[PDB]
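Positions of Cβ are generated from backbone atoms using ideal geometry, with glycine treated the same way; all protein chains shown enter the neighbour counts. Quick note: the coordinates plus some simple rules give every number you see, no bench work behind them.
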Amino acid sequence: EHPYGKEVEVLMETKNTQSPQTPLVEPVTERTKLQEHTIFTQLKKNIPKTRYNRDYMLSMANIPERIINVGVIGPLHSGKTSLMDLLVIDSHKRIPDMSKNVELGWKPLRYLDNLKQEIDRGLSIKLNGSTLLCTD
Amino acid sequence: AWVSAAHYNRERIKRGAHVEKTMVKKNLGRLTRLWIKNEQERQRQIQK
Amino acid sequence: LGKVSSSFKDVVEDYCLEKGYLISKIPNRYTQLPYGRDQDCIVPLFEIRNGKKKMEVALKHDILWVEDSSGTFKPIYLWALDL
Amino acid sequence: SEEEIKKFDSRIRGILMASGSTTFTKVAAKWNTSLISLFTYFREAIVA
Amino acid sequence: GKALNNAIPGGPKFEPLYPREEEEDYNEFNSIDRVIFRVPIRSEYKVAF
Amino acid sequence: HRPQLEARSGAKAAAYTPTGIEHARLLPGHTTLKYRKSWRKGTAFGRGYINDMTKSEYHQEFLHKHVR
Amino acid sequence: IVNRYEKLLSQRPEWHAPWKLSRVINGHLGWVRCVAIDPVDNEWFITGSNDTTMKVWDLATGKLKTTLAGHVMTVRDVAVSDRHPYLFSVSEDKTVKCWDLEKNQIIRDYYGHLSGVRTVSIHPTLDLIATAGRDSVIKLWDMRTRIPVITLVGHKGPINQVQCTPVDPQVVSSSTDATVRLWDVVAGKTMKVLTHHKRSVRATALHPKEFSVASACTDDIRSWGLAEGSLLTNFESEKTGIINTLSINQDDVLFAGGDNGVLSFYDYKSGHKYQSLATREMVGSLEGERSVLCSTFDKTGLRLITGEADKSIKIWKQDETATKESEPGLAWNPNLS
Amino acid sequence: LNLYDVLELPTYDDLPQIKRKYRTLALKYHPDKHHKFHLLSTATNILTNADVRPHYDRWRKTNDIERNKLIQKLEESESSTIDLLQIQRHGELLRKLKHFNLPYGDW
RNA sequence: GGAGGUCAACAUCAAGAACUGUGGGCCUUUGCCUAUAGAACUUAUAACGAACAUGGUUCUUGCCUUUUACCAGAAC
Ligand SMILES: Nc1nc2c(ncn2[C@@H]2O[C@H](COP(=O)(O)OP(=O)(O)OP(=O)(O)O)[C@@H](O)[C@H]2O)c(=O)[nH]1
Ligand SMILES: [Mg+2]
Ligand SMILES: [Mg+2]
């Protein structure tokens, strides 16, 4: 204090700030990984190819009579999500998420599931849709 | 350094975790030295 | 003070009645509160109108807090309220 | 009281560190004395 | 079971994984006066949810 | 016949022939680098950093306790 | 030879500004032996100690971020890497430990010194380490595989201070045999020897630009051109001994830490000494404990950080008023040598 | 790429020095003996006249700009680092009256 | 030419839910946008193995004279 007294800050440090686990040099993550929270495709080139030509679909949007909104509801494990699965994998030509396993599947490809918590929990939680054109 | 080792080993024995047979004896020695130093300090400072 | 049966809020209500201002709960909104401690309380707030003026008050401890213009609540004297 | 629990434990550790080769019989008396002393002073309390 | 240091009545017993429970924080929050003791909140529930 | 008076020059060890024993701690590990980017009255009475180890306050706490 | 003495009276060197004491940080239990600074962001220190720890201080506020233990004895030297997120610390326990700054845990141990290792320097472009100590040899470690690839036999005594440079001589070394060697590592033998010092050369520093080195001794701080290995200049020093450390600002200021506690600042070009300070020991310290064990400048060079033997780190700031009103220091009188 | 970088040479040279630089380079990288020289010819064109050489060099500096940025960051960092009781009490009194029921004063 | 082999070599096998090639436009090769062709093996109660061992360093313990040999948890 008085040995310096004026400008000099005498600070006596014990304990710590910055709990020890902190990186102290921040790891540089170039890409942004969503895989932790959800599982979701982030590129224009990896979106599946929709055999029916999406462009032609968007044209239907001009005609209000043409498009329809169907919701799908029912009790636990009635097969809702796995039904949407049938629709989707019928529509899209090549899905990157299909394992050889679920393609011939023993294991249901659950496509509209999409959330980590909904994958592990085995259930469906937040509602998720899709839009596609299909021939009557 | 010596003193700080004495503190550290003592507070390691208070928890009572794998202290060697001798380290107990030695640590005792360092503590008695330190304690007598505190005593003589107190007495001198009472004289002055 | 613990002995005293009556609760402040009551006092505030009484005061409001004389004024003729009306105090309403407002369910969702809340404001962080700064009180002596280096910590901020969270309290629900209510709005009082003389005719069609709405101002919001949150009371913690035994005090009335009214927000400063830029933002953040300031404690004020009960007599010190006129809308 | 916690302290005298720790005193007991520390004493057993005493018999252990010290009785490297003091024979079984010598150890047993030492073990008993601490135990008899601990219970008798607290007789009642130890149960809880 | 392991991370939370519990056991399923037929399951294995491990070490704590977080050895220090000892730190306790005192605040009006969980005070007895404000709690309703209904149902025991027994151990099997902790592993399920 | 006691103490060091010198140290051993690594130069000597530099000229010897290697043995080739395989140690446990030279087994490959971390093999990839990383690059950066009224009652009261009647009574008789009643109404800071030194740099040193021994004379500090913590020390007198310590010995004040452990010596009982 | 007087012609030289006239040619010393023409120059009138290089004004600079004085220094003063900004901040005092206590908080080590033992002495502070070494200090290094984050070479990228200037956000912190790593300071060795005599208590075995290393305490990472924030440069801005001086608060203590974290503590890195892991050595059993005093830590003579610490060096942080540019290209890597690594911190190489080295001690008197015969071991050179790597540290991964990301997770703050020891990654690698390099093995093979006979005795205490007092210097680490991280080669700029090669992913090497250079370590040295009382072995009296310099060990060039391959950073990845922990193989002591090259060994440089040479000095006849302990090796105090070691540095690394991208072109030739890639290793400069200084020993208690009072020499400074300029090494050629590929061939693995001395490229040049500089004998001009009279006693142990206890400190060196590389000029961040001019490609030269400043060497020290008891009373005489010289400079040396690398490449050719010429002498460049001398520095005016009456007895300052002992010089524990040197540091070179980007402005061509050359710091010299004393064991008498005097902080002797120089101009690097000239050799002139424009300032000398004396530190205040401490509240309860001894007049013996006043000295300067290490020092460095931040990446800017407008701050100075000196670990002292009184168990404190001090941060010396350059005065902004200054100019010609009253800066002037000892004012350039070249006495006869 | 700088003109100095193109010639692979180091950075107040005189008109004479400018000529000598070209001569030295010519000996080393003689095109008739071994596109780069296009740069040399142009820079030499201005460098051979001391005026152009000086003006051209007039307009490392940028990097100094980096130093300025660092300094600004440091300045920002270090400097920055370096009634209620009465009110609640009055309210407490006010409630006491309400409890006691004594008529309130016109506050 | 077809079937095989307790044959070999060389590739590849843990990641923006993620591959490669090609056409065109902008910057000035990289990179961004747009168009097109083909994607073996391994992955969602996540992985090459529907199986399951050991070692090193660093912490926390446990046995407890000390070292190997160890007790049982974690991170790398
Ligand atoms: N036998 C049989 N089982 C089915 C059939 N469809 C689905 N399941 C099983 O029943 C479970 C429910 O199927 P999902 O469609 O994934 O569940 P869900 O319809 O999303 O139920 P929610 O999550 O509540 O919407 C799955 O685990 C399927 O394995 C079916 O057609 N036949
Ligand atoms: Mg579902
Ligand atoms: Mg022995």
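For region A:1-50, filtered to residues that are touching a strand residue (DSSP E or B) at 6+ places or on another chain (Cβ under 7 Å) and β-branched (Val, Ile, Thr), the residue that is surrounded by the fewest Cβ atoms within 10 Å (Cβ to Cβ) is A:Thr17. Starting from residues that are within 12 Å of chain G (Cβ to nearest Cβ) and either of a type in the set (S, T, N, Q) or surrounded by 10 or more Cβ atoms within 10 Å (Cβ to Cβ) (or both), keep the ones in region F:12-28 and report whichever is nearest to the chain's Cα centre (by Cα). This residue is F:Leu26. Residues that are basic (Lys, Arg), more than 13 Å from ligand 1 (Cβ to nearest atom) and not in a helix (DSSP H, G or I) were ranked within region A:78-115; the one that is nearest to the other protein chains (Cβ to nearest Cβ) is A:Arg94.
Count of region A:102-121 residues, restricted to those that are surrounded by 16 or more Cβ atoms within 10 Å (Cβ to Cβ) and either within 9 Å of RNA strand I (Cβ to nearest atom) or not charged (D, E, K, R) (or both), is 8. Between C:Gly36, C:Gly71, the distinction of being touching a helix residue (DSSP H, G or I) at 6+ places or on another chain (Cβ under 7 Å), on the phi > 0 side of the Ramachandran plot and either at the interface with chain H (Cβ under 9 Å from one of its Cβ atoms) or not in a helix (DSSP H, G or I) (or both) belongs to C:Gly36 only. From the list A:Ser99, A:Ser124, the one residue that fits, being among the hydroxyl-bearing types (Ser, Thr, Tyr) and either surrounded by fewer than 12 Cβ atoms within 10 Å (Cβ to Cβ) or away from ligand 2 (no atom under 16 Å from the Cβ) (or both), is A:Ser99. Just one of the listed residues (C:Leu81, C:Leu17, C:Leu1) is within 14 Å of chain H (Cβ to nearest Cβ), surrounded by 14 or more Cβ atoms within 10 Å (Cβ to Cβ) and either touching a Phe, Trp or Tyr at 6+ places or on another chain (Cβ under 9 Å) or not in a strand (DSSP E or B) (or both), and it is C:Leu81.
Would you mention how many residues in region A:55-77 are within 16 Å of RNA strand I (Cβ to nearest atom) and assigned to a loop (DSSP other than H, G, I, E, B)? Qualifying residue count for the region: 2.
The rows are residues; the columns are (1) surrounded by fewer than 21 Cβ atoms within 10 Å (Cβ to Cβ); (2) in contact with a helix residue (DSSP H, G or I) (Cβ under 6 Å, 6 or more places away or on another chain); (3) under 19 Å from G:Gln105 (Cβ atoms).
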| residue | (1), (2), (3) |
| --- | --- |
| G:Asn42 | yes, no, no |
| G:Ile46 | no, no, yes |
| G:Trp57 | no, no, no |
| G:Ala60 | yes, yes, no |
| G:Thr67 | yes, no, yes |
| G:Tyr86 | no, no, yes |
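Within region A:116-128, residues that are away from chain E (no Cβ under 14 Å) and more than 10 Å from ligand 1 (Cβ to nearest atom) sit with their Cβ atoms under 8 Å from residues that are hydrophobic (A, V, I, L, M, F, W, C) and not in a helix (DSSP H, G or I), at 6+ positions apart or across chains, in these pairs: A:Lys116/A:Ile39; A:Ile119/A:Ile39; A:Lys126/A:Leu115; A:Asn128/A:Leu112. Return the residues of region H:83-107 that are more than 7 Å from every other protein chain (Cβ to nearest Cβ) and either in a helix (DSSP H, G or I) or surrounded by 10 or more Cβ atoms within 10 Å (Cβ to Cβ) (or both); say none if nothing qualifies. Scanning region H:83-107 gives H:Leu85, H:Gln86, H:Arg89, H:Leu93, H:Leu97, H:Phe100, H:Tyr104.
Look at (1) at positive phi; (2) surrounded by fewer than 10 Cβ atoms within 10 Å (Cβ to Cβ) and you find that A:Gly79 fails only one, number (2). Within region E:14-45, the set of residues being assigned to a helix (DSSP H, G or I) and of a type in the set (D, E, K, R) comprises E:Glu28, E:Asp33, E:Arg34, E:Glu44. Within region A:41-67, residues that are under 20 Å from A:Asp90 (Cβ atoms) reach partners that are in a loop (DSSP other than H, G, I, E, B) and of a type in the set (S, T, N, Q) with beta carbons closer than 9 Å, at six or more positions or on different chains, in the pairs A:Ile47/A:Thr41; A:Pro48/A:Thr41; A:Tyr52/A:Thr135; A:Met57/A:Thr50; A:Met57/A:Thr131; A:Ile67/A:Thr131.
Once region G:52-73 is narrowed to residues that are away from chain H (no Cβ under 14 Å) and touching a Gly at 6+ places or on another chain (Cβ under 7 Å), the residue that is nearest to G:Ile129 (Cα to Cα) is G:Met54.
In region G:182-282, counting only strands (runs of 3 or more DSSP E) that sit wholly within it, the ones holding 3 or more residues that are surrounded by 21 or more Cβ atoms within 10 Å (Cβ to Cβ) span G:212-215, G:222-225, G:243-248, G:253-258, G:262-267.
Here's the yes/no breakdown for (1) closer than 30 Å to G:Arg23 by Cα; (2) under 32 Å from the mean Cα position of the chain (by Cα); (3) in a helix (DSSP H, G or I):
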| residue | (1), (2), (3) |
| --- | --- |
| H:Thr11 | no, yes, no |
| H:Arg20 | no, no, yes |
| H:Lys33 | no, no, no |
| H:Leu40 | no, yes, yes |
| H:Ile46 | no, yes, yes |
| H:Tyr56 | no, yes, yes |
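Of all residues in region G:26-39, exactly one satisfies the criterion of being under 25 Å from G:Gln161 (Cβ atoms) and within 9 Å of chain A (Cβ to nearest Cβ), namely G:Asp38. Evaluating G:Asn42 against the criteria (1) under 22 Å from G:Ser121 (Cα atoms); (2) away from chain H (no Cβ under 13 Å); (3) part of a loop (DSSP other than H, G, I, E, B) leaves one unmet condition, (2).
Let's see how each residue does on (1) away from chain A (no Cβ under 14 Å); (2) touching a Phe, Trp or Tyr at 6+ places or on another chain (Cβ under 6 Å):
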site	(1), (2)
G:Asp77	yes, no
G:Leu87	no, yes
G:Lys94	yes, no
G:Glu102	no, no
G:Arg118	yes, no
G:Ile122	yes, no
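Pairing each residue of region G:95-111 that is under 17 Å from G:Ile122 (Cα atoms) with any residue that is assigned to a strand (DSSP E or B) and among the small types (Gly, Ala, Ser), provided the two are 6+ apart or on different chains, yields C-beta distances under 7 Å for G:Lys97/G:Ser89; G:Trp99/G:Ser89.
For beta carbons closer than 9 Å, sequence separation of 6+ or different chains, a first residue in region B:7-31 that is at the interface with chain D (Cβ under 10 Å from one of its Cβ atoms) and a second that is outside any helix (DSSP H, G or I), the qualifying pairs are B:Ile13/B:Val19; B:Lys21/D:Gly20.
Please work out if F:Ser9 is at the interface with chain G (Cβ under 8 Å from one of its Cβ atoms) and either farther than 27 Å from G:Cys98 by Cβ or not aromatic (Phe, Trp, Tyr) (or both).
On the way: at the interface with chain G (Cβ under 8 Å from one of its Cβ atoms): yes; either farther than 27 Å from G:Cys98 by Cβ or not aromatic (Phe, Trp, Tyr) (or both): yes.
Answer is yes for this residue.
On the basis of being in a helix (DSSP H, G or I), under 25 Å from G:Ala309 (Cα atoms) and either hydrophobic (A, V, I, L, M, F, W, C) or within 9 Å of chain F (Cβ to nearest Cβ) (or both), does B:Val3 make the cut? So B:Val3 passes the test.
Residues of region G:251-258 include at least one that is small (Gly, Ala, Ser) and under 18 Å from G:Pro208 (Cα atoms).
Search region A:22-77 for residues being hydrophobic (A, V, I, L, M, F, W, C) and within 16 Å of ligand 1 (Cβ to nearest atom), and hand back the single one that is farthest from the other protein chains (Cβ to nearest Cβ).
Taking region A:22-77 and keeping what is hydrophobic (A, V, I, L, M, F, W, C), we get A:24-25, A:28, A:34, A:39-40, A:43, A:47, A:57-58, A:60-61, A:63, A:67-68, A:70, A:72-73, A:76.
Applying the additional criterion that residues be within 16 Å of ligand 1 (Cβ to nearest atom) yields A:39, A:70, A:72-73, A:76.
On the way: A:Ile39: 24, A:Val70: 33, A:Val72: 27, A:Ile73: 25, A:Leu76: 16 Å.
Applying the filter and picking the extreme gives A:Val70.
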